[PDB]
Each structure stands twice: as C-alpha cells, then as structure tokens.
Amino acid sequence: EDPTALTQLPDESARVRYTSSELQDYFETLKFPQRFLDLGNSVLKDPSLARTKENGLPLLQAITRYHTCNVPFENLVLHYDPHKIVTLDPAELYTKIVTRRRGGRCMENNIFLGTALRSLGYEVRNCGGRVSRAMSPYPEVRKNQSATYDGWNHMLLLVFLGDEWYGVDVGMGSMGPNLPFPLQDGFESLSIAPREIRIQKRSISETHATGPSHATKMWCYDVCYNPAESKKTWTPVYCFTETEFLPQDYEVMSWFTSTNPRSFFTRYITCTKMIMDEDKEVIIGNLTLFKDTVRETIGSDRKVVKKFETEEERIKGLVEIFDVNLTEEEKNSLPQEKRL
C-alpha cells in the first residue's frame, strides 16, 4: 500500500526525550566510576551547566570516552538478525544500547547520543559527512582513490558550549576522533597515543571548480598514525559540513550502506570497542572483530586475540570479549554462506 507517513523530524513537543532515570541507566551502561556519576548527576540537577564549556565539556568528554569503550561499533544487525533492517528511532535505539547493551554504526550511535545530550540539556546539531576512501577495507580502493570520499555516509554531532561549537562523534570505532574537538580550522591533538588528529577547513580534491574563485571548502578530519616520522603523513578520515541533517537524510545514507552490495558492511561482520586507561582518562587502543578474527591494538602494537574456528566460538567470543549478546533468532539468522 502507498505510504501514509514518511520519516520526519518530529515537532519539538513530540520528540523523544530520555528521562533523568533513563540517563542514569545510560551512565551505568557506560560503567562510569563514582566521579563521573557525580558529574552526570550534577548536570541532571542543573541542565544549565550543559550550555557552558566549564561545566558541560568535562561531562561531554567523559560520556564520549566511556561510550566508545563500552558501546560496540558493530554491524551485526545486517547479519545476525532475521530482518537486517536498521532502525534510527531514538526510543528503539535507547533500548538497543542501554537495555540490550548492543550497539551499531555511526547513525545508530550518534542519533542515540544526540538524543541523550539534548535530554541532558546540551545544544546539539545533527550533521553529515563522507568517509574517506583511505579508510576503505578494499586494498585497491585505498591505493588508487585515497584522495576521494564516499557519498554521504557518516554522521557526527556539533555541540555548542559557551561560545564555540565542538565536533562530537561516538560512532566510528577506532577510526573516529574519539574526543570532542573544537570546530577550529587547524586544531590538532594527541588522540589514542601515538595517533594525532587534525581538523582543517579546506577544499577536497574532488571538485568541478576550475579555480579558487569558485571552490568550496569542507571541514576535514585527518589522523597522523605516527607523528614521530621525520615528515608527518596525514591520512584523511572523513569530511563534513555544518548543514543540519535530518532523520530522513540518515535514512537515505543508511539505506545505501546497509543494502548496496558494494558497502563492505553488507559483506563482513565487524565489532569494535575502544580500550581505556581509566585513571589516565585516555583511550589507549581498541579491540576489533573483523570477519573471524579479534585483534587488540594498543598504540602502534597489534596482536591477534582470537581467530574463531566455528560459529559457536564466534558467538561465545562476542559475549565474553564484547558483551554482545544475541537472541536465539539472531544467531540462527546468519546466512549460511557467512557461517564459520
């Protein structure tokens, strides 16, 4: 039958807002220690703190750090699922991430996080971007096309603190900036040592502009994996604009990455949690399952944790290593050609 309603951004009075109690349950899923529970509760009691740099940025730093370490970046809904459809509904996302302790990709993570932050009192714009082909898992695409970008396929947040916007992104696993960054041309920071991140406003290589008089510029997020090299090499990760993206834009973007056969997410299973040094309040590495193999990276050192031999091993490994729990129907929904 013809649709009678299409996806939209609800009017302000109709939008999902996570309650104080649901946000507390999210702080517990994040496994906040006492000092950050206390920080979160002070904002719960005074949302005006979420508008300032001095009181809003520290809780924002803590939320983003524990989120990428405890909420998995995963595509299992396209594999271990009977329907293989992505929901971006903020209430269903809450259940998936807080109650079920599952995760997802950039749109599921950052739609949820945007809803949580606005519910805490933050001013949050949903934005859109393009992942660099330098991040492609296809080797010839990395080699020949690293200056190009995908079609719109990434989500990040801009959060307004005091007098400045900050980029916020908890939905890109170990490729992400993994820090709230000031939206500042030329900002650089250590992020997951030895890696550095950089933000620049610049034209991208792909353009029909015949000269600078007609060029446009994007915000470009790059990383330097090894800043100790004599000549720093910056690897592009994604580019984005400040345009407000809508739920139905993400629906278009997610449809492509979830159903176009050239999206690697339709082809291979992947699941990532970042690794924290809690006392030093920094991320130091990541655990990543790709296809059949779990690897732990700490700084520049990478080692294999497990190469799964069977479906049973991979399923138990998702529980024990990632706290990713599947229903019976989800386990049995994996297509036969993808099983171990």
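Sequential numbering from 1, following the sequence displayed.
Undergrad: Test of understanding: from the entry's C-alpha B-factors, which stretch has the higher mean, 260 to 268 or 170 to 178?
TA: Mean B over CA atoms: larger for 260 to 268.
Undergrad: Mind pulling up the entry and telling me whether 81 to 89 or 203 to 211 has the higher mean Cα temperature factor?
TA: Per the deposited B-factors, the answer is 81 to 89.
Undergrad: Which of these, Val282, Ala62, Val305, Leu30, has its C-alpha atom at the highest B-factor, as the entry lists it?
TA: Highest CA B-factor of the listed options: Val305.
Undergrad: Please pick out which of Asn286, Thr310, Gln34, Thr68 has the largest Cα B-factor as recorded in the entry.
TA: Result of the comparison over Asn286, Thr310, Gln34, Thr68: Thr310.
Undergrad: Looking at the entry's B-factor column for C-alpha atoms only, identify whether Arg142 ranks in the lowest, middle or highest third of its chain.
TA: Top third by C-alpha B-factor.
Undergrad: Going by the entry, which third of its chain does the Cα temperature factor of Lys232 land in?
TA: Its C-alpha B-factor belongs to the highest third of this chain's values.
Undergrad: Split the chain's modelled residues into thirds by Cα B-factor; is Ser333 in the lowest, middle or highest one?
TA: For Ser333, the deposited C-alpha B-factor lands in the highest third.
Undergrad: Tell me, lowest, middle or highest third: where does the Cα B factor of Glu164 rank within its chain?
TA: Highest third of the chain for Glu164's C-alpha B-factor.
Undergrad: Going by what the PDB entry lists, where does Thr7 fall on CA B-factor within its chain: lowest, middle or highest third?
TA: Middle third, going by the recorded CA B-factors of the chain.
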